[PDB]
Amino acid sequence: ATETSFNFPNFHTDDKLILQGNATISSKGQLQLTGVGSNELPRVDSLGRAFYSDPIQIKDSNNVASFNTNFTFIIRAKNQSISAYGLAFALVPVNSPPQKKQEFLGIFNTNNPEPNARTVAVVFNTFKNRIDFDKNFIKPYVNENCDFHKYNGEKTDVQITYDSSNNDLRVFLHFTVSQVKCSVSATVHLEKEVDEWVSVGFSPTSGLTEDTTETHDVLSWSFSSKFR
């Protein structure tokens, strides 16, 4: 097998998922990335990551996989205007452990390029209020403004595609009730950024205070890699 495909209409404990840091599945079937404390309130300065347990094959040899992933989430904060830090969809080395917290979203360690992070991520930067497409670097390759401070607090549907033919990544975000849309596009050669097999999933980090913290819950997720 070269082609992977799964579908979580909701989450459960017995699922093919690897949870790291404070991430847990709620009794309602929700993937709570940054977690909830003993008093059931969002955790401050919390990091939680979660990946499909099977590694995914990006490079077959010469042929690169194309992929399509759809997921929907909700970020709820006490004060969204000051919410931090965000949620990430990332391709990482297979058993990589969580990196740094805060603005590092648990996927990076430095303010400098990390060519050996072998990570490619799409961050819904709730801190800086934009959508970032990061390539082995915490500083975005291409970023687009998206008003999370205003439209968060509602199901948001994300759709991410990668076509190895034109080597383009396309992200389409849609806030479901406010109806607001955001999107960014970049030209990437996945094969030059990540390994032949990677772990696919999410990683979020919450603010260092009761006011700046928020939730990062994923309510559903689908994925399909394809070797054409």
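Each residue number is its position in the shown sequence, starting from 1.
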property	result
Comparing 119-127 with 135-143, the one whose average Cα B-factor in the PDB entry is higher	135-143
Mean temperature factor over C-alpha atoms, higher-scoring stretch between 87-95 and 145-153	145-153
Selection by C-alpha B-factor (highest) of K181, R170, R49, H189	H189
Member of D54, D45, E193, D60 with the greatest C-alpha B factor (per the PDB record)	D60
Third of the chain, ranked by Cα B-factor, where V64 sits	highest
Within-chain third of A77 by Cα B-factor, per the entry	middle
Relative C-alpha B-factor of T205, binned into the chain's lowest, middle or highest third	middle
For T34, the third of its chain into which the C-alpha B factor falls	lowest
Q20, C-alpha B-factor rank within chain (lowest, middle or highest third)	lowest
